[PDB]
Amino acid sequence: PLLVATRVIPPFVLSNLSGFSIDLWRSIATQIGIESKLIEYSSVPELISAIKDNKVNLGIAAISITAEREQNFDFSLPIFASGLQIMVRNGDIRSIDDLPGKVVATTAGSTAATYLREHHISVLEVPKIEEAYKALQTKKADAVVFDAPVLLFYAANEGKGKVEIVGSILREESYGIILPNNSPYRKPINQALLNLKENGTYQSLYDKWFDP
């Protein structure tokens, strides 16, 4: 059976195991005709090490496809469109223009953390995005920078009436299923994914988590 590394980050991955990426991988696994075990990891870099250490066959959650990651690993066709975005409390912070000199929360080992560090912005790195939302509400942080879809999902729910997404996408990124190089499952994964997109399953799955 295929060993699949995952990471908790709603609405793509939730535990109690559910979410967009979970339903998607399952539809993909069945599409191919193989069984798989989901192994949770605390962060993206940990999930990546699992790939590099050959502990799992692939990884899926809300993994950004980046040049640096593509350099040492491989990816399937994109499974979702994302991008970095700023979120503030419900001001003096309206865009990236205002970030220098502020404290911004985000998850450790994320493309957001890397982007913030490159811009020399003071960062409060937390293990789970949920803790960043708390830092913002408690005012420990002045803003949050993370993947647009995740922030929007939050604003649409728990964050309702308590936050605001400001500015434009600071960095366009798409999600993908990460794999080791020369993986024999990349093509069957892409193949299945394309089928799901061509038969209407991807759409149904999309609406379930992003279209009420």
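The first residue of the shown sequence is 1; numbering continues from there.
The entry models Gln71 and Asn72 with no unmodelled deposited residue separating them. Stretches compared: 140-148, 43-51. Higher mean C-alpha B-factor in the entry: 43-51.
For the two regions 202-210 and 3-11, the entry's Cα B-factors average higher over 202-210. The PDB entry assigns its highest CA temperature factor, among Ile32, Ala67, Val166, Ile177, to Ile32. Per the deposited record, the Cα B-factor of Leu194 falls in the lowest third when ranked against the other modelled residues of its chain. Among the modelled residues of its chain, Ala155 has a C-alpha B-factor that falls in the highest third according to the deposited record. Per the PDB record, residue ranking by Cα B-factor puts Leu38 in the highest third of the chain.
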